[PDB]
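Encoded as structure tokens, the following chain is the form deposited in one PDB entry, with no partner shown.
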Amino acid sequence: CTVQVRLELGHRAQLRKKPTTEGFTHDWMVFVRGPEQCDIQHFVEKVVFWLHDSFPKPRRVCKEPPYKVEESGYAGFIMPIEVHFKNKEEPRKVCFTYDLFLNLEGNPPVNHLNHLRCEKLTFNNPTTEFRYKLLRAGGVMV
């Protein structure tokens, strides 16, 4: 059989009225979460957010929900996001290339923004133990 589950990747960003002592101009948050009333913790081991090299501890890990990183900084960047599964067979993780953008190139000028990216994952022939976790999370058998 085939089991599909859904992830939502997203972020929010806020232009600061005044920059931090550090000069940070934006506050931002990036997340991985399930659709409403779906508990992805059943099948997600951890979520690794790979921040820009300039960040201290750029490898940010959440082993439990919420799977998110709140930060402040100077600029947007491309953020690899690994979602590791509670799975003993391949694949044990999926990697997303997440566009963490902090403005719209002043066209138009915004002082905040939100983005959501809905992702479907398809697991062929999961083990009994991993099927239970996927379906327990609200996954659909196909």
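The term rigid core refers to the maximal set of C-alpha atoms that superpose within 1.5 Å between the two forms. One rule holds for the numbers: they count along the sequence shown, beginning at 1.
Just so you know, the form deposited in another entry exists too; it's not on screen, but the next bit is about it.
When both forms sit on the same rigid core, the CA shifts between the shown form and the other one reach 2 angstroms or more only at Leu104 out of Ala75, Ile78, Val94, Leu104.
Put the two forms on the same core and the Cα of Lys120 is off by less than 2 Å between the shown form and the other one.
A change of 3 Å or more separates the two forms for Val110 and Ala13: their C-alpha atoms lie closer together in the other form. Relative to the displayed conformation, the Cα-Cα distance from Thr20 to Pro65 grows by 3 Å or more in the other form.
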